[PDB]
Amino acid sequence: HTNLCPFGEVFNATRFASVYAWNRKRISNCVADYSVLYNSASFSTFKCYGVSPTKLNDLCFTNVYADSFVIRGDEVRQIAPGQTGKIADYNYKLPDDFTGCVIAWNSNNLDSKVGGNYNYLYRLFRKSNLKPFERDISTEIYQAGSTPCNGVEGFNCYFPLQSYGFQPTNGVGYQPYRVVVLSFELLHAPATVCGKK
């Protein structure tokens, strides 16, 4: 086979999912041209764990997973193994043994509205921290007190998701950032994603 891996439509997609409902794309049976990535200067963050970006073109894998979402600037440092915070604990957690890359760039020119973009959400309350690569999209009313909530929002009964501000005038730490997390797995199966010859 000779088809290029669709890294274009993962990075260059119009709309990204909220970090609490992060989107995962499965990449298989294609030639992976990693050169476009580390050579494009569009990215503010490009950190690879478990493998070298240079040594990536000449390496095969069984599957490559492309997880994409949106957070704010000061939360970008939580998309890394061994981090804590609202995003790392309640939204998107990488394992301590993560073998992949994290790519992020400022999307304030796309994900901000003059009145505040209230489409991007993150999980604010959860009874326990997420396991690595876990996804929680429930909207159950969070019981913060002894009195049960019966699914009705109110005193000590929180809606678990919070909306990002995302105004063009926000400081950099609160501006939106689009994130792509490439994780490479090497299972005991035929390797379908390799690099060029």
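Just count from 1 along the sequence shown to find any residue number.
The stretch with the higher mean CA B factor, choosing between 35-43 and 22-30, is 35-43. Two stretches are in play, 54-62 and 137-145, and the higher mean C-alpha B-factor belongs to 54-62. Of the candidates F125, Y122, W105, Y118, the one whose C-alpha carries the top B factor in the deposited record is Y118. Ranked by C-alpha B-factor against the other modelled residues of its chain, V179 falls in the lowest third. When all modelled residues of the chain are sorted by CA temperature factor, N109 is found within the middle third. Sort the modelled residues of the chain by CA B factor and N91 lands in the lowest third.
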